[PDB]
Amino acid sequence: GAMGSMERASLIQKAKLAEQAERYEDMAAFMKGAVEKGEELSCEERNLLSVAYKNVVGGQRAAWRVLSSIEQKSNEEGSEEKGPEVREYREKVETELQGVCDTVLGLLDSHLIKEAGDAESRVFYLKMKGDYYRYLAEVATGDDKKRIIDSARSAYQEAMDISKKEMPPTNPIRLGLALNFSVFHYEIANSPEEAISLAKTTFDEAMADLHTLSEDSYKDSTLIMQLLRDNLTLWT
Amino acid sequence: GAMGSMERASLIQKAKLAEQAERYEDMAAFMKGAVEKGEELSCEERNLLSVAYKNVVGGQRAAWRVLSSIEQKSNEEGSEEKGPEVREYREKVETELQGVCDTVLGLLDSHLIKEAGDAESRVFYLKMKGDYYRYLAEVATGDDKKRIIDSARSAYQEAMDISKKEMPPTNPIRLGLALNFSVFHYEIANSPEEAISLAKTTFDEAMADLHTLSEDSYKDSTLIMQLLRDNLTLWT
Amino acid sequence: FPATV
Amino acid sequence: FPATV
Ligand SMILES: *CC(=O)NCC1CCN(C(=O)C2(Nc3ccccc3)CCC2)CC1
Ligand SMILES: *CC(=O)NCC1CCN(C(=O)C2(Nc3ccccc3)CCC2)CC1
Ligand SMILES: [Mg+2]
Ligand SMILES: [Mg+2]
């Protein structure tokens with residue numbers, strides 16, 4: 001693509017600059033370029049990839065929710081007809097969101113996941129796959145909605161299976177995967193009890209392993225544990 | 001352009017939706033489309049145009065300043081050479097910024113300013129022209145930097161002349177023009193004393209006219225007066 | 001909206 | 001940065 005002529009190292013350098021400038025669309029385009037060089041990503045590089053796309057899609061999701069709410073209000077009894085514009089613009093934002101998700105899922109399928117053999121990398125990528133199918137699910141209404149939901153579930157489940165076998169219960173990737181899969185259960189799969197059980201069990205297994213950790217690892221793990229607690233508080 | 005097939009009213013409707021969704025790039029593209037329909041803009045529509053581009057360019061300016069600071073640090077004694085990437089990326093952001101400014105200046109020249117006969121509209125557009133030449137000046141380093149600075153000055157001065165003849169000293173457009181022209185003096189023209197004098201005289205002339213105003217007009221005028229005071233506080 | 005990372 | 005509108 002447009003980044004094909006730029007050195008891998010320069011792309012990664014620029015991604016870091018873009019992050020400092022809060023230019024997340026640029027960050028994402030640089031990281032896509034870096035992935036397309038065909039070499040595996042380091043841990044630092046995986047973090048850059050994830051941050052970039054999280055921020056881009058996060059902004060799209062927030063906009064889509066604003067628009068969807070306006071659209072919903074327009075279809076209530078007593079709302080005066082304002083024409084097709086709200087639906088059209090929601091559709092526009094939705095199509096852009098779907099495109100970003102398809103781009104991320106594309107990078108994971110070609111060929112990040114298949115080349116990832118270490119547990120941390122494979123879990124990280126499979127968690128990402130779950131996440132971007134979950135964003136597709138949030139906006140899905142068609143014949144494929146159940147398959148999209150099941151694609152997220154399958155990715156998250158594979159990641160969970162690997163994480164439980166290969167990583168300690170305090171590992172931040174394991175914790176983050178569990179946090180997100182729990183949100184999937186609550187928000188997407190209509191399974192709040194599964195969501196709660198997962199968050200609680202994850203929190204408690206992590207708590208029991210904190211004693212093994214350095215101060216720096218403890219900080220990393222407890223940050224995500226607090227997110228689990230925050231969700232549990234919201235849900236109970 | 002891409003908006004040529006969309007109704008003017010639909011573009012304006014969508015601009016308002018985009019604003020609610022904090023989608024300022026879309027807002028700006030909708031408003032460009034609306035301007036290109038060739039009809040004069042209402043007051044509400046001028047506000048939409050200005051808000052959209054202010055937010056787009058504001059974000060570009062903030063990014064450019066982050067990058068320029070990194071670039072400056074890299075050229076200090078003792079900084080280890082990191083190659084062309086910081087300059088290239090600053091240049092990339094700079095070129096995008098310049099393009100937005102050229103787009104706004106283009107709308108004003110073809111044909112918003114020439115068709116604006118009422119003082120409020122003509123001052124508003126000439127203030128915008130000053131503003132977008134001022135953003136060009138912020139990043140200018142070439143043979144044309146003095147002409148860019150003088151283009152901003154000329155636009156602001158024409159607007160000032162009209163505003164003083166045709167609008168009361170509390171008029172928000174008059175106040176905003178003075179606020180911005182004062183910043184031009186301080187930041188661009190190396191004329192801090194002119195900047196201070198302008199802000200002070202504007203504030204004091206407005207203060208003396210507040211007695212004429214309704215509560216709603218008083219609120220509008222005093223908001224901008226406080227910005228004048230805030231700058232004066234920064235500068236003295 | 002619930003927390004995710 | 002100073003205020004502008
Ligand atoms: C070795 C490796 O692949 N590391 C990735 C890195 C793990 C730590 N990390 C985080 O803790 C945060 N993001 C995140 C956590 C868990 C799963 C995915 C992402 C949480 C604040 C950053 C960054 C990524
Ligand atoms: C009739 C007309 O052209 N109105 C434009 C409208 C004036 C009020 N206004 C503002 O006060 C704010 N922005 C601004 C002020 C002065 C000059 C340019 C812009 C200040 C908060 C919004 C919006 C535009
Ligand atoms: Mg279980
Ligand atoms: Mg004077």
# chains A, B, ... in the order shown; residues from 1 in each chain; ligands from 1
>>> interface_residues(of="chain C", to="chain A", cutoff="6 Å", atoms="only C-alpha atoms", output="list in words")
residues 2, 4 and 5 of chain C
>>> write_last_selection(atoms="N, CA, C and O atoms", output="mmCIF file, in the first residue's frame")
data_model
loop_
_atom_site.group_PDB
_atom_site.id
_atom_site.type_symbol
_atom_site.label_atom_id
_atom_site.label_comp_id
_atom_site.auth_asym_id
_atom_site.auth_seq_id
_atom_site.Cartn_x
_atom_site.Cartn_y
_atom_site.Cartn_z
ATOM 1 N N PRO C 2 -18.967 -0.386 29.804
ATOM 2 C CA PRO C 2 -18.053 -1.118 30.670
ATOM 3 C C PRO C 2 -16.604 -1.013 30.179
ATOM 4 O O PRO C 2 -16.377 -0.714 29.031
ATOM 5 N N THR C 4 -13.053 -2.035 28.868
ATOM 6 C CA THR C 4 -12.299 -2.987 28.036
ATOM 7 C C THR C 4 -10.909 -2.422 27.762
ATOM 8 O O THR C 4 -10.708 -1.197 27.879
ATOM 9 N N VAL C 5 -9.967 -3.329 27.496
ATOM 10 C CA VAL C 5 -8.631 -2.920 27.131
ATOM 11 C C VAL C 5 -8.119 -3.388 25.812
ATOM 12 O O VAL C 5 -8.703 -4.298 25.189
#
>>> residues_around(residues="residue B:124", least_positions_apart="4", cutoff="12 Å", atoms="only C-alpha atoms", output="PyMOL selection string")
(chain B and resi 41-43+45-47+49-50+108+112-113+116-120+128-131+155-156+158-160+162-163+167+171-178+180) or (chain D and resi 5)
>>> residues_near_ligand(ligand="ligand 4", cutoff="9 Å", atoms="only C-alpha atoms and all ligand atoms", output="PyMOL selection string")
chain B and resi 194+197-198+201
>>> write_last_selection(atoms="C-alpha atoms", output="mmCIF file, in the first residue's frame")
data_model
loop_
_atom_site.group_PDB
_atom_site.id
_atom_site.type_symbol
_atom_site.label_atom_id
_atom_site.label_comp_id
_atom_site.auth_asym_id
_atom_site.auth_seq_id
_atom_site.Cartn_x
_atom_site.Cartn_y
_atom_site.Cartn_z
ATOM 1 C CA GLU B 194 -0.077 46.551 19.822
ATOM 2 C CA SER B 197 -3.377 48.014 23.463
ATOM 3 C CA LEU B 198 -5.918 46.397 21.187
ATOM 4 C CA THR B 201 -9.182 49.266 24.283
#
>>> closest_atom_pairs(of="chain A", to="chain B", cutoff="9 Å", atoms="only C-alpha atoms", output="tab-separated table")
residue	atom	partner	partner_atom	distance
A:10	CA	B:85	CA	6.5
A:11	CA	B:85	CA	8.7
A:13	CA	B:85	CA	7.3
A:14	CA	B:85	CA	6.7
A:17	CA	B:67	CA	7.4
A:18	CA	B:63	CA	8.4
A:20	CA	B:66	CA	7.4
A:21	CA	B:63	CA	4.8
A:22	CA	B:63	CA	7.1
A:23	CA	B:63	CA	7.2
A:59	CA	B:23	CA	8.9
A:60	CA	B:23	CA	8.8
A:62	CA	B:21	CA	7.6
A:63	CA	B:21	CA	4.8
A:64	CA	B:21	CA	7.8
A:65	CA	B:21	CA	8.6
A:66	CA	B:21	CA	5.8
A:67	CA	B:21	CA	6.9
A:70	CA	B:17	CA	8.8
A:83	CA	B:10	CA	9.0
A:84	CA	B:10	CA	8.9
A:85	CA	B:10	CA	6.5
A:86	CA	B:14	CA	7.4
A:89	CA	B:14	CA	6.9
